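Input: a single structure, listed below in structure tokens.
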Amino acid sequence: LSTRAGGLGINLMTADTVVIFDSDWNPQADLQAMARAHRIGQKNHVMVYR
DNA sequence: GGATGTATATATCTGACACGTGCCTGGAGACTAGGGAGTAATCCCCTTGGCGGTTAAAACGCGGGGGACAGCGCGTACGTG
């Protein structure tokens, strides 16, 4: 993913781990990026490697 | 025996150089003020990398026909003496 694309409607339920290669200046973009996979109904424990 | 081509010596031209001279303009020395270098603050404009959405402009393909170009004639206007 490019971090600032796709809006808030991207559904990524099947993924488990999120790796942030480049840290954003705005942390809310990173929170939205990790909430792409941490949506309601996720069946796995999500970890983020920065 | 008369006439002809070449070789060293002296007078004259001719630009360049040594010397003379004026004078005026550039250089040496001193002083000063101000123009520019440096510093700090503030705020607006520009840079590089991204995103989203509109949409009008750009790209591509194809028919066809108008125009560029080649060939030929001619007669006149310009070259030449």
Can you give me the number of residues within the range A:7-39 that are within 14 Å of DNA strand B (Cβ to nearest atom), part of a loop (DSSP other than H, G, I, E, B) and either surrounded by 13 or more Cβ atoms within 10 Å (Cβ to Cβ) or among the acidic types (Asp, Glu) (or both)? 4
Could you grab the pairs with beta carbons closer than 8 Å, sequence gap of 6+ or different chains, first residue in the range A:1-19 and of a type in the set (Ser, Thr, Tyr), second one outside any loop (DSSP other than H, G, I, E, B) and away from DNA strand B (no atom under 16 Å from the Cβ)? A:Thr17/A:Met47; A:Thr17/A:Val48; A:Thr17/A:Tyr49
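Ideal geometry is used to build each Cβ from the backbone, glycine not excepted, and the neighbour counts take in all protein chains shown. Each reported figure results from applying straightforward, stated rules to the coordinates on display, with no laboratory input.
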